[PDB]
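S.K.: Handing you a structure now.
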Amino acid sequence: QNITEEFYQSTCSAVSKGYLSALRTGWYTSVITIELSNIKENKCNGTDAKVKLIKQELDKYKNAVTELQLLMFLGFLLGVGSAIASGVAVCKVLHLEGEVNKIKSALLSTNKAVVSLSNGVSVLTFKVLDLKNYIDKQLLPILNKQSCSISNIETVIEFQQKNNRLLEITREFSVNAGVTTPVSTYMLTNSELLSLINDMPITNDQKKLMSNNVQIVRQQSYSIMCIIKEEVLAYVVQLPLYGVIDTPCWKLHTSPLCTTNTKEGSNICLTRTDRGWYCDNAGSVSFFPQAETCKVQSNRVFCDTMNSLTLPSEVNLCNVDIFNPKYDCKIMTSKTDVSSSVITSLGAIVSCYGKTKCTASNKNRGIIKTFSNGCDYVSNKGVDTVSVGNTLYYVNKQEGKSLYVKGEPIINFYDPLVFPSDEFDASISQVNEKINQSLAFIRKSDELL
Amino acid sequence: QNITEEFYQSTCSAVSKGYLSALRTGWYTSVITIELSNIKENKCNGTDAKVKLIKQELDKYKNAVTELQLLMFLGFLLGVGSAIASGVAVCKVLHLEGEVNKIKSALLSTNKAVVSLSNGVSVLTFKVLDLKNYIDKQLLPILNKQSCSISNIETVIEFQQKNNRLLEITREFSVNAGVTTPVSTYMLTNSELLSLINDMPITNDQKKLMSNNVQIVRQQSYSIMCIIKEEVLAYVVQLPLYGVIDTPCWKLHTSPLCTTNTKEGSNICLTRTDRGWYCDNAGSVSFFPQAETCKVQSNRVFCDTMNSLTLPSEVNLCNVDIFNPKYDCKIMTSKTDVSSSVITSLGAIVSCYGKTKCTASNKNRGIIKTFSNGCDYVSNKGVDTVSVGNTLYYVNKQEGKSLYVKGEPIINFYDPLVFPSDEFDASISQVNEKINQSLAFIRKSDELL
Amino acid sequence: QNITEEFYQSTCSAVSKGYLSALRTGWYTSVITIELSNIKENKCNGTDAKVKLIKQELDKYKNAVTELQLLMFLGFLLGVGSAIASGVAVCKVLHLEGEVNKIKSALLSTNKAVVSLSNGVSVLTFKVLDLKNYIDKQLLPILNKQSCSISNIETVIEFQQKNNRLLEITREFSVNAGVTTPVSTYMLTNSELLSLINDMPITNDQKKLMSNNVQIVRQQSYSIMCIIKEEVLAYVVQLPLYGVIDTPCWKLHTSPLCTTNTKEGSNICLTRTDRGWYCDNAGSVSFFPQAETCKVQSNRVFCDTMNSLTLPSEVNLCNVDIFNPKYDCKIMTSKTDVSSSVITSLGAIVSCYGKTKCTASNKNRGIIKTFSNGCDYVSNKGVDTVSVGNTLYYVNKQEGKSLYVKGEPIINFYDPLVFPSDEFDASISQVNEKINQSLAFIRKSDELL
């Protein structure tokens, strides 16, 4: 009873204005460390089941270490960037002399500390697993040399349990060339993660946002394998910083709009190409063309500013009056008269053309409405299912009021044959000029004759 | 010796007509449940190694619990839908008063029952893991023995074994914001999944299909996290319902067709844009443009009807006669004279142009054919490898006869310069008129002079 | 101080010329085998806790077995191929009578041997896990002791450990329809893979390359489940063969270039469309349009030749002089005046237009340059961050000198109104004719009047 939606029959589109923004504007880089134990060399002869298992597990431990040692419409306008450029930058610094030692020094006493590195950047550091103390002090002295007898079997379980976390981490990086996303629990546990969130210099609200949506933060995060110099494993976890919160958001749904004259082809189509998510953020509007990049948790819409264009606030005028002189609304044209449907947040837009059967159904009563060739909309409340031809769409069941804005479909104002129909990222004014050009050429070419 | 294929030299394309359809037309939604035990940490001072291990695992049990609680060419014409709209709808319903209790009541005695929810929808319910009973009857009485003794270790192994499944499920949902696809074995074992299939209201053959192909069914399925209200964990598994089965299918492979005049550029190219999978289903044909979206198991072709267009049966005329007055076949044009190859089901199409070295090879004898600049086809039988420039393509080793359909390459019928070469989703007639318009303009503009 | 980069002001583009090539030109196919044990459930009335666990684990063993039996700009110019065609071809061969026996016999005594199959192809074969011997010699004699005793628990741990590897492979294949990529450690451990590489018929240098980049080898690899005939499981690991090595490589960054006339729209834009990776390999150049397909390890660039075009070495002339008569440089045009940025290897190309705030910042001193509407570039050394509007991009911190090449941006040479602005894949020569044709229409149509 928050989120609402409006359908514009005039432009075959719909806008949902009940959403709140969640923009990633930046990156925070933290350094996670694991103090590791070097081994040389377990030398136990005689194969005892209890001896073989510890050795085998220790062999598993060593191989992990070895593997790590071994590792060392629209949208086309967005441009390119390097997602892990920030994280890689941190990794690079870590490859310096006794920088390891600097950080290895601060984390000896506590498991958490900020160390200023020679780049000058202060970074939160975490020692989450100390296999070293356990392996070097409990395990290693018994194994050397010749006689090794291991009793109390619960010990081999404890070591496999402790070692296990390291093994999944070595496993993941192995299948991701040292960059994983999303960041798994093995890489960084929730307690560790929540602890990480509290020292990040963001708003108490921003911390609040991330903590209720940790599962989202993980998908927008990167874990980057760096170095294993000295006796410490170190990798950098790259977390999103949300500089934009609680600003109004809206999602634009579009569908092909065509004339419904009786002939077979000879039809003209039209489709709005500025579909996607729009959000208010700095007096302008951040527009996200590919709405795959935006995750939704009801009230909150999570987006990454890298795949976006920053547009003027006049962009909203295209939804109410597409012919405004203040903004040239982006569109496409076609002769492709094909039926399809678009499921919106609180309903469904149905582009029905030709002899195609377009229908809406309820789970209980069955078919409840047969569409009359054109762009229409139906609420989510009285409808559960939509079938367009042989393809069946399911409708969203959220709560919220929808508004049908009546208006003559815009495509009907144009005379065929003078209409430009092969336009992919054109616009209103860009269409009008070609018609004008064609209006001039048709009109001037008979005046002379 | 089932599947066959025909190649049309006239249009540089090939259709494989030995396939059978498997269309997902709809969705079936089931609710999977796990009964959980509400437990309050025992203030136990016992420092026993085996209890600590149980304690650690019980923390793991709890951490798992805590995380879940915390969670609470062409193709562009296909339109968008909501894949999990069906699954999401069920989830929403489950958030009501004692709806949980309703299902919790029916599943106390049996692990399987159909329950009618207040929406009215009847849903198959499954209790596949009863950790509550194990924890309350096997674990809890042992952990609280006043003396934190523990007898033998098989208790901790047994608990880690039972608890393990829940942990992988909590893990997957954790890295998927509560929606996973495909549905893993941890989410639903083969035995559970197969049992599920038999109660789905489909044909005995449809059950057979899904049962011989669970791995495909899994990939076309969704698992959706709902609620963990009461002392029960509940998630909804969304399985595909295949309403179209055993209808003839065929796959269309297309490749660039250009003139092979000796000049350097000045060439004209042509390409069929309706590549992809076609299947007979309701007197019409569902067309799947991106054939990435279609999985193949020899005889069976698995597609999702939501990502499809429903076309008239005259589409087959595009394979036999492209100039028919009955259907306007979709094509595109270009001046880009670039060499490439298309590997079909029983072969490879080779588009050879310019000075480019084009060759086909057998593993044993080496080069067996050198192509003369143009569109050709080669059977899978006498050929093992095909080489176009610096890129090497491997050819499919299936069995089936191929037929070479001779015909003058169509591109030779057009006079350059009058040819429209910048067309992305145009068509035969759309070309003819533009040629006509351009034919008129050249012709009227000289009669006048 | 190896890798360098040059920015051309004349064409709003940048070339990184410090790279070395790694082209996958081919495929190598190997056969991995697991000897399995045929077992018939012991009708054992023994209710021992340890036997039950083994029984439970043996069913997982059995269920895995059962699951397997049940299993039984640019880029659009690239064309399509079949990635797994080579591996599938091998799989097909393994489906023959006693082909299995031929290989099961050679691998009975040793774990590694070359076997000639009836197709004639010689293939490296590997037995990495002999559960058969473990189950038949360690497990089976223990489970059937008339009395379902079990002595000690280490028997159940050892079996779960051995079985785990089998369980993950069946798991992976289960969620991948029998084709997995990348090939996990469970499918093939590092020791197995390294052992595998030395017998591949490549250069001692080629072996050196793969061994230092196994994690990359895995990602460009496929593992293909074949048959479980007889009592042996066999699947084929398909590894890349890199026929092109140590040849010079370069990456091309491009960005929109537009006029900066004061007016609102009425602007003309221009963009080089040949972005991606270019490499010297056979006197020609292999071009990779989608640079998603390329993994970077500093000096070495890993690409797949299937997603590439082979172009003449004269393509480089477009970088120095885009108007040379020897090669028609590929470009695109638009009237879309939108600001965006492109992060290069040693910097960032900045397309700044309209009233948009375009800025570059250092972490310490903050903003250090505000762009004056246009295409610019900045080195990585004195700059750490770039901000365009509301979107903030991070820049790479690699080391290397970049060079600013002064020259008038080419777009200023075209007179508006005669300029063609709706072109997606056109070129230099193709534009001039349209300009010419349009210059002609303006020039001839007034001489007459």
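Ordered as shown in the structure tokens, chains take letters A, B, and onward, while each chain numbers its residues from 1 and ligands are numbered from 1 in the order shown.
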Show me a table, sorted first by chain and then by increasing residue number, of the residues of chain B having an atom at most 9 Å from chain C, each with its shortest atom pair and the distance in Å to one decimal, counting only C-alpha atoms and written as CSV.
M.R.:
```
residue,atom,partner,partner_atom,distance
B:73,CA,C:76,CA,7.7
B:153,CA,C:153,CA,8.6
B:154,CA,C:50,CA,6.9
B:155,CA,C:49,CA,8.8
B:157,CA,C:53,CA,8.7
B:158,CA,C:53,CA,7.6
B:182,CA,C:175,CA,6.6
B:183,CA,C:175,CA,7.9
B:184,CA,C:175,CA,6.6
B:185,CA,C:171,CA,7.2
B:190,CA,C:67,CA,7.3
B:191,CA,C:63,CA,8.9
B:211,CA,C:70,CA,8.4
B:212,CA,C:70,CA,6.2
B:213,CA,C:71,CA,7.1
B:214,CA,C:70,CA,8.1
B:215,CA,C:177,CA,5.4
B:216,CA,C:177,CA,6.3
B:218,CA,C:175,CA,7.3
B:219,CA,C:175,CA,7.0
B:255,CA,C:79,CA,7.7
B:335,CA,C:426,CA,8.7
B:336,CA,C:425,CA,8.9
B:338,CA,C:77,CA,7.8
B:339,CA,C:309,CA,7.9
B:340,CA,C:79,CA,5.8
B:341,CA,C:79,CA,5.9
B:342,CA,C:80,CA,5.1
B:343,CA,C:81,CA,5.1
B:344,CA,C:81,CA,8.2
B:348,CA,C:81,CA,8.6
B:356,CA,C:310,CA,8.8
B:363,CA,C:121,CA,8.0
B:364,CA,C:120,CA,8.1
B:389,CA,C:310,CA,6.5
B:390,CA,C:310,CA,6.4
B:391,CA,C:305,CA,5.5
B:392,CA,C:25,CA,6.3
B:393,CA,C:81,CA,6.6
B:394,CA,C:85,CA,5.8
B:395,CA,C:85,CA,6.1
B:396,CA,C:85,CA,5.4
B:397,CA,C:89,CA,5.5
B:398,CA,C:89,CA,8.2
B:422,CA,C:423,CA,8.1
```
S.K.: Just want the 10 Å neighbourhood of residue 6 in chain C, counted on only C-alpha atoms, with same-chain residues fewer than 5 positions away dropped. Output as a PyMOL selection string.
M.R.: chain C and resi 13-17+252+319+346+377+401-405
S.K.: Compile the contact shell of residue 48 in chain B as a PDB file with C-alpha atoms, in the first residue's frame: residues with an atom at most 10 Å away, counting only C-alpha atoms, same-chain residues fewer than 5 positions apart removed.
M.R.:
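Produced file part-v5.pdb, reproduced below:
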```pdb
ATOM      1  CA  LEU B  53      32.374 -30.262  18.498  1.00  0.00           C
ATOM      2  CA  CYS B 148      28.628 -33.074  29.924  1.00  0.00           C
ATOM      3  CA  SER B 149      29.730 -36.583  29.089  1.00  0.00           C
ATOM      4  CA  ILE B 150      28.925 -37.784  25.554  1.00  0.00           C
TER       5      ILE B 150
END
```
S.K.: Taking only range 153-183 of chain A into account, list the residues labelled helix (DSSP H, G or I) by DSSP (computed from the backbone), as a ChimeraX atom specification.
M.R.: /A:154-174
S.K.: Write out as a PDB file with N, CA, C and O atoms, in the first residue's frame all residues of range 69-153 of chain A that DSSP puts in strand (DSSP E or B) for this structure's backbone.
M.R.:
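Done, and the output landed in out-v9.pdb:
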```pdb
ATOM      1  N   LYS A 112      41.667  -7.304  14.682  1.00  0.00           N
ATOM      2  CA  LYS A 112      41.203  -6.166  13.906  1.00  0.00           C
ATOM      3  C   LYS A 112      41.953  -4.844  14.106  1.00  0.00           C
ATOM      4  O   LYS A 112      42.036  -4.337  15.228  1.00  0.00           O
ATOM      5  N   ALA A 113      42.473  -4.278  13.011  1.00  0.00           N
ATOM      6  CA  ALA A 113      43.226  -3.022  13.078  1.00  0.00           C
ATOM      7  C   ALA A 113      43.358  -2.287  11.733  1.00  0.00           C
ATOM      8  O   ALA A 113      43.369  -2.909  10.668  1.00  0.00           O
ATOM      9  N   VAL A 114      43.461  -0.958  11.795  1.00  0.00           N
ATOM     10  CA  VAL A 114      43.631  -0.146  10.596  1.00  0.00           C
ATOM     11  C   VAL A 114      45.111   0.172  10.438  1.00  0.00           C
ATOM     12  O   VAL A 114      45.733   0.722  11.350  1.00  0.00           O
ATOM     13  N   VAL A 115      45.685  -0.148   9.292  1.00  0.00           N
ATOM     14  CA  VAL A 115      47.111   0.062   9.118  1.00  0.00           C
ATOM     15  C   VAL A 115      47.292   1.035   7.978  1.00  0.00           C
ATOM     16  O   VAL A 115      46.683   0.859   6.923  1.00  0.00           O
ATOM     17  N   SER A 116      48.111   2.061   8.151  1.00  0.00           N
ATOM     18  CA  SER A 116      48.336   2.900   7.000  1.00  0.00           C
ATOM     19  C   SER A 116      49.499   2.346   6.199  1.00  0.00           C
ATOM     20  O   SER A 116      50.636   2.256   6.664  1.00  0.00           O
ATOM     21  N   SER A 122      44.425   4.312   4.388  1.00  0.00           N
ATOM     22  CA  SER A 122      44.128   3.518   5.580  1.00  0.00           C
ATOM     23  C   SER A 122      43.019   2.529   5.250  1.00  0.00           C
ATOM     24  O   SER A 122      41.975   2.880   4.693  1.00  0.00           O
ATOM     25  N   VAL A 123      43.299   1.281   5.610  1.00  0.00           N
ATOM     26  CA  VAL A 123      42.488   0.111   5.300  1.00  0.00           C
ATOM     27  C   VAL A 123      42.211  -0.790   6.511  1.00  0.00           C
ATOM     28  O   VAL A 123      43.112  -1.143   7.276  1.00  0.00           O
ATOM     29  N   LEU A 124      40.938  -1.136   6.677  1.00  0.00           N
ATOM     30  CA  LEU A 124      40.495  -2.073   7.695  1.00  0.00           C
ATOM     31  C   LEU A 124      41.052  -3.477   7.395  1.00  0.00           C
ATOM     32  O   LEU A 124      40.854  -4.003   6.305  1.00  0.00           O
ATOM     33  N   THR A 125      41.723  -4.091   8.369  1.00  0.00           N
ATOM     34  CA  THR A 125      42.331  -5.433   8.213  1.00  0.00           C
ATOM     35  C   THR A 125      41.787  -6.571   9.113  1.00  0.00           C
ATOM     36  O   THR A 125      41.563  -6.349  10.301  1.00  0.00           O
ATOM     37  N   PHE A 126      41.525  -7.763   8.564  1.00  0.00           N
ATOM     38  CA  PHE A 126      40.959  -8.841   9.394  1.00  0.00           C
ATOM     39  C   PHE A 126      41.663 -10.206   9.374  1.00  0.00           C
ATOM     40  O   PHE A 126      41.848 -10.796   8.319  1.00  0.00           O
ATOM     41  N   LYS A 127      42.078 -10.669  10.552  1.00  0.00           N
ATOM     42  CA  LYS A 127      42.642 -12.015  10.768  1.00  0.00           C
ATOM     43  C   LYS A 127      41.540 -12.944  11.284  1.00  0.00           C
ATOM     44  O   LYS A 127      41.406 -13.125  12.495  1.00  0.00           O
ATOM     45  N   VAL A 128      40.768 -13.534  10.374  1.00  0.00           N
ATOM     46  CA  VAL A 128      39.710 -14.492  10.730  1.00  0.00           C
ATOM     47  C   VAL A 128      39.993 -15.981  11.004  1.00  0.00           C
ATOM     48  O   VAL A 128      39.081 -16.702  11.410  1.00  0.00           O
ATOM     49  N   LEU A 129      41.211 -16.464  10.807  1.00  0.00           N
ATOM     50  CA  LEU A 129      41.438 -17.891  11.014  1.00  0.00           C
ATOM     51  C   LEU A 129      42.909 -18.132  11.302  1.00  0.00           C
ATOM     52  O   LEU A 129      43.757 -17.845  10.461  1.00  0.00           O
TER      53      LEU A 129
END
```
S.K.: Have a look at CA of residue 117 in chain C and CA of residue 31 in chain C and let me know their distance in Å, one decimal.
M.R.: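 Between CA of residue 117 in chain C and CA of residue 31 in chain C the gap is 11.4 Å.
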S.K.: At what distance in Å, to one decimal, does CA of residue 373 in chain A lie from CA of residue 350 in chain A?
M.R.: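 Straight-line distance from CA of residue 350 in chain A to CA of residue 373 in chain A works out to 9.3 Å.
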S.K.: Pick out the closest residue to residue 262 in chain B from this set: B:98, B:407, B:374, B:354. Count only C-alpha atoms.
M.R.: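 Using only C-alpha atoms, the shortest distance to residue 262 in chain B belongs to B:354.
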S.K.: As an exercise, work out the distance from CA of residue 288 in chain A to CA of residue 276 in chain A in Å and give it to one decimal place.
M.R.: 5.8 Å
S.K.: Calculated over only C-alpha atoms, which of the candidates B:151, B:163, B:221, B:133 has the smallest distance to residue 62 in chain B?
M.R.: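 Using only C-alpha atoms, residue 62 in chain B sits closest to B:163.
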